[PDB]
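Down below is the structure, laid out as structure tokens.
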Amino acid sequence: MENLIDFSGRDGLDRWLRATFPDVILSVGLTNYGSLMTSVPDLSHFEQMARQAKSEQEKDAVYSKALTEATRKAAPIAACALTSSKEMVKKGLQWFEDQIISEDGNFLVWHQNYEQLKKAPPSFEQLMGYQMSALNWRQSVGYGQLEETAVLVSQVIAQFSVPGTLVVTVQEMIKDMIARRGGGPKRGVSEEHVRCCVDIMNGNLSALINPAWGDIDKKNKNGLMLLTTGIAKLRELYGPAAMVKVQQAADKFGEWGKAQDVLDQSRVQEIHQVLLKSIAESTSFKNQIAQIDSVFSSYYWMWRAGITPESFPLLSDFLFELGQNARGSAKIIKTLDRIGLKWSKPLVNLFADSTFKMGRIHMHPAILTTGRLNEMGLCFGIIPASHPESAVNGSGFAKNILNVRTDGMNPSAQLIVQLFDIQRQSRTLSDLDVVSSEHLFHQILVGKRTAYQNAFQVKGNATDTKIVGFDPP
């Protein structure tokens, strides 16, 4: 149908809010920005049904029900209206057509490798390209009209204060968090670029032509070649003996290449020089490069799924219904396949759930999964565009919790540690990724005060934070 989220100016937005939600007063009593939240939901009855879940999916279902219940009312309404207003949609979708037409390098480096990124972790350039695109998208469409909706330029949170009773769990969340992001990409227990470098150290010049990680000179998320850091890790684990064996592989390869007639002679000098370079500099957090910009990726996704300004309201409505009850990737994928809208099947085709075998935390932020539909819900699912008055019932998506206050008694931390215990007691094997309590907490520690803020330009390491307790006076 039609998009009834329509207004001109900041004054227009406020009048739109008054008309559409006439019998409610938006409240910051528990949130950073006006919301429907009037009480901290109770969740510890979910704790018990977590223990007695049997199958994988019913484990997921219990945590998802808790997550929905906790975040049902916390969304910052004005920010949501802005994100899915008739004018924002039109401008937001249009931006991508422009990068295509202008062949924008920063946009294309990851976009037209979408297929590869469903399987492989991204390079540095592909991460930076994305992050630069998010910032430029936000500028182009004028997204930062609200404090809720801003680009952040600051430092991660150095001290996080919680009620004394929460301190223990919060600290083990930081440990858990630290252990997850101590990457990079792992197939088994070990790091892959390392095991490929051992493969190189043993001869096996084949590991040089086609590295496990892709291109020989590929740079990791911190701008360093995998081959360089790989050779570093070897000298550390398997001592300086492992380093002489690497040089032997270098020499064996150089000798092989001149004697060989098959591989191209330019590529021989590429591999050899890059390998010698890596050996050389083997002996040796300004931003958040892997940060998902929820808003920009959600817009990329619905552009990729063929959403038009016209079709947008049915998507919004679909997401709004998702937000009403627990979700399930199996049931989601059936729902999407059995409603037959033009965008339905192209959206499903984007999912990476079955193709990304590594930890999801290593996947490029522009890559969609059934899990990452909770990102789209923040943008277009809190307010159903064709019947906006229905938002008064609320709509629960994970990162709504980013809008919950961390001051006073810290309702946010209370909600977070309750979600963390439910998730831990579900004892699930699934990669909760973008709705796991530790990912959520990490967003908070980076300093996000809603989900609509971009925190790429935030300096420092969020897991370094000091957890500080306070008691009642």
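All of the numbers you see were taken from the coordinates with simple rules; none came from a lab. Cβ: placed from backbone, ideal geometry, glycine included. Neighbour counts: every protein chain shown.
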* Asked: Considering only DSSP states other than H, G, I, E and B, which trypsin sites (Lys or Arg not before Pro) in the stretch 54-94 qualify as loop sites with at most 12 other Cβ atoms within 10 Å?
  -> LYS54
* Asked: Roughly speaking, what is the centre-to-centre gap between the stretch 143-175 and the stretch 411-429 when only Cα atoms are used, to the nearest Å?
  -> 17
* For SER395, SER430, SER85, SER190, what ranking results if the residue with the fewest other Cβ atoms within 10 Å of its Cβ goes first? -> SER190, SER430, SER85, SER395
* To do: Compute the length gained on full extension between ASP42 and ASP264: take 0.36 nm times their separation in residues and subtract their Cα-Cα distance, giving the result in nm to one decimal.
  => 73.4 nm
* the chain - charge dipole about Cα centre, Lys and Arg +1 at Cβ, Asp and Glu -1, debye rounded to 20 -> 720
* Kindly work out what percent of the DSSP beta bridges joining two residues of the chain are antiparallel, to the nearest 5. => 30
* **Kirkwood Rh, angstrom, the stretch 9-132 [1 / mean 1/r, Cα pairs]** => 18.9
* To do: Take the alpha carbon atoms of the stretch 267-343, find their center, do the same for the stretch 1-77, and report the distance between the two centers in whole angstrom.
  => 23
* **Fewest-first sequence of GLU255, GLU69, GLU47 by Cβ atoms within 10 Å of each Cβ** => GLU255, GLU47, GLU69
* **Dipole magnitude (debye, nearest 20) for the stretch 82-231, charges at Cβ of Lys, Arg, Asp, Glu** => 380
* Asked: In terms of the Cα gyration tensor, with a ≥ b ≥ c the square roots of its eigenvalues, is the stretch 66-197 rounded because a/c is under 1.5, prolate because a/b exceeds b/c, or oblate?
  -> oblate
* Classify the stretch 70-120: rounded, prolate or oblate, from the alpha-carbon gyration tensor (a ≥ b ≥ c, eigenvalue square roots; a/c under 1.5 rounded; otherwise prolate if a/b is larger than b/c)? -> oblate
* Structure fact -> Among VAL189, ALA81, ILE292, the residue whose Cα sits farthest towards the positive end of the charge dipole of the chain (+1 at Cβ of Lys and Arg, -1 at Cβ of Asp and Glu, taken about the Cα centre) is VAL189
* Structure fact -> Here the Cα Rg-to-2.2 N^0.38 Å ratio for the chain is 1.05
* Structure fact -> Once phi for every residue in the stretch 179-192 is put through the Karplus expression 6.51 cos²θ - 1.76 cosθ + 1.60 (θ = phi - 60°), the whole-Hz ³J(HN,Hα) values, with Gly and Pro written as x, are 5, 6, 9, x, x, x, x, 10, 7, x, 7, 8, 7, 6
* Could you tell me which of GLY381, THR450, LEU419 has its Cα farthest along the dipole of the stretch 372-473 towards the positive end, charges placed at Cβ (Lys, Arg +1; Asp, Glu -1), taken about the Cα centre? => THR450
* Asked: Rg to Rh for the stretch 242-376: what is it, with Cα atoms only and Rh by Kirkwood?
  -> 1.24
* Asked: Quick one: if the Förster radius is 51 Å, what FRET efficiency do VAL468 and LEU429 give, using the C-beta to C-beta distance and rounding to 0.05?
  -> 0.90
* **Gyration tensor verdict on the stretch 334-402 (Cα atoms; rounded if a/c is under 1.5, prolate if a/b is larger than b/c, oblate otherwise)** => oblate
* Got a sec? How would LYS277, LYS218, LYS334 order by Cβ neighbour count within 10 Å, fewest to most? -> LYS334, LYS277, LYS218
